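1. Before I ask anything, here's the sequence and the deposited coordinates:
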Amino acid sequence: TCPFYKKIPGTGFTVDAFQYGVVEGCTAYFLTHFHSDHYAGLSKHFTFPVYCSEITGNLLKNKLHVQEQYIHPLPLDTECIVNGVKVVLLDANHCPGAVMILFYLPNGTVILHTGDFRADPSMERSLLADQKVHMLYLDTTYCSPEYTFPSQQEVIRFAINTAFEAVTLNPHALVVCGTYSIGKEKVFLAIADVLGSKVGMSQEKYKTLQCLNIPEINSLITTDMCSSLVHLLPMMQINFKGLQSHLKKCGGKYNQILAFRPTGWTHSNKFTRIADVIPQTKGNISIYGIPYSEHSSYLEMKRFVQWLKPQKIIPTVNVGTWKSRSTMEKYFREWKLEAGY
Ligand code: NI
């Protein structure tokens, strides 16, 4: 049974609610982005209207085989009427195709559902600037002040400088980057651009990337692993055993691996600066964990909410424990007292 925080009151709508069977009263199922915890339940046998971005609809048709007649892609930044209700999709600054949804209820209430997002001051000049929001359904993934991490730009600068130094010292070094979902593509694209290489990967991952509307993508990626010196592997293989095994397969072309694991936050963030990050090393293999986040830090979240000044907040992450729920509620009250709304 579908939980309340996935239902939009005063409508026939649900958000990211495909794992509950037929939801009573639901006339349109929205999907914020193509991550498995959110799409769980969708397949080629789904027969209700799915509303989403163009990029999410490309993934639904090619990866999950949802039939075309049930996919309803909407442009961004554009007022649309869905089953008699005005909606707008906004860029969420998460993975490719990820959106936030503004719903303009028939009674005058305005609701923002963030999906998954990484808040940014640029959102203060979207279509959100133009009217009041009553209710906020908020991605609270990192809603605690211990969760700090650098800008995406600082993390990419570290990765490119690290990779270019290593491969210039040793032209026989291979770079490997871990992946298990869409998102974080800048990591491996930026590294391959500084090295003058295409990124090599499995046929399954190439297919996924070909759905993402990235400009000039045919110039940047390939299934020909022999022609590439930046390889993508599943995240599970980014360990000394898995990398040893991969290096064997490369036919003595390479004699060293430099590997990256883009994580979200890890507790090494509470002590170390990005500049000071060091790898784990075993022989001719080195592994860097880099804190590349596609979710808001605590400070970015707080700034967004203090600007938006919603009347009510409904968390959508960390909702399963009383201690999490009480922590989040205390921060919301702090923010409201400090700002004066
Ligand atoms: Ni996500």
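-> Nice, thanks for sending it over. Residues are numbered from 1 along each chain as shown.
2. what residues does the stretch 51-200 of the chain put near the ion?
-> Residues of the stretch 51-200 of the chain lying near the ion by Cβ under 5 Å from the ion: residue 116. For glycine as for every other residue, the C-beta is placed from the backbone atoms N, C-alpha and C.
3. Quick check, the residue in the stretch 51-200 of the chain closest to the ion?
-> Per Cβ to the ion, residue 116 is where the stretch 51-200 of the chain lies closest to the ion, at 3.6 Å.
4. Skip the chain neighbours and tell me the closest residue to that residue.
-> Ranked by Cβ to Cβ, 6 or more residues apart in numbering and with sequence neighbours excluded, the top spatial neighbour of residue 116 is residue 94, at 4.6 Å.
5. Quick one: the helices in the stretch 151-300 of the chain, in order.
-> Taking DSSP state H, counting those that start in this stretch, the helices of the stretch 151-300 of the chain run over residues 152-169, 185-195, 203-210, 240-249, 298-308.
6. in terms of contact, does residue 207 touch residue 63 like I think?
-> Yes. The pair residue 207 and residue 63 passes the contact test of Cβ atoms under 8 Å, sitting 7.2 Å apart.
7. for stretch 14-22, which positions count as buried?
-> 14-18 (16 or more other Cβ atoms under 10 Å).
8. Excluding its own residues, what touches it? List them.
-> Stretch 14-22 has contacts (Cβ atoms under 8 Å, 6 or more residues apart in numbering) with 1-2, 6-8, 23, 26, 29-32, 38-42, 46, 48, 101, 113, 115, 137.
9. How about it and the ion, touching?
-> No. Stretch 14-22 stays clear of the ion (Cβ under 5 Å from the ion), getting no nearer than 9.5 Å.
10. what about residue 219, how many residues close to it?
-> Using other Cβ atoms under 10 Å, residue 219 has 8 neighbouring residues.
11. Show the contacting residues for the closest residue to it other than its chain neighbours.
-> Ranked by Cβ to Cβ, 6+ apart and with sequence neighbours excluded, the top spatial neighbour of residue 219 is residue 198, at 7.8 Å. Shown in contact with residue 198 (Cβ under 8 Å, 6+ apart): 192, 219-222, 224, 227-228, 230.
12. returning to what we had before: I am assuming the residue nearest to residue 116 contacts residue 264, so please confirm or correct that.
-> No. In this structure, residue 94 is not within contact of residue 264 by Cβ under 8 Å, at 11.9 Å.
13. And these two? Which one has more around it.
-> Higher neighbour count among residue 94 and residue 264: residue 94, with 23 against 15, using other Cβ under 10 Å.
14. list the residues that contact both of residue 94 and residue 264?
-> By Cβ under 8 Å, 6+ apart, the residues touching both residue 94 and residue 264 are 294-295.
15. Could you tell me which residues make contact with residue 292?
-> Contact analysis of residue 292 by Cβ under 8 Å, 6+ apart lists 152, 155-156, 184, 186-187, 262-263.
16. on that earlier part again, now go through the buried residues of stretch 14-22 and say which are in strands.
-> Cross-referencing the buried residues of stretch 14-22 against strands under DSSP state E gives 14-15.
17. Spatially, which two of the buried residues of stretch 14-22 are the most separated?
-> 15 and 18 (10.4 Å; Cβ to Cβ).
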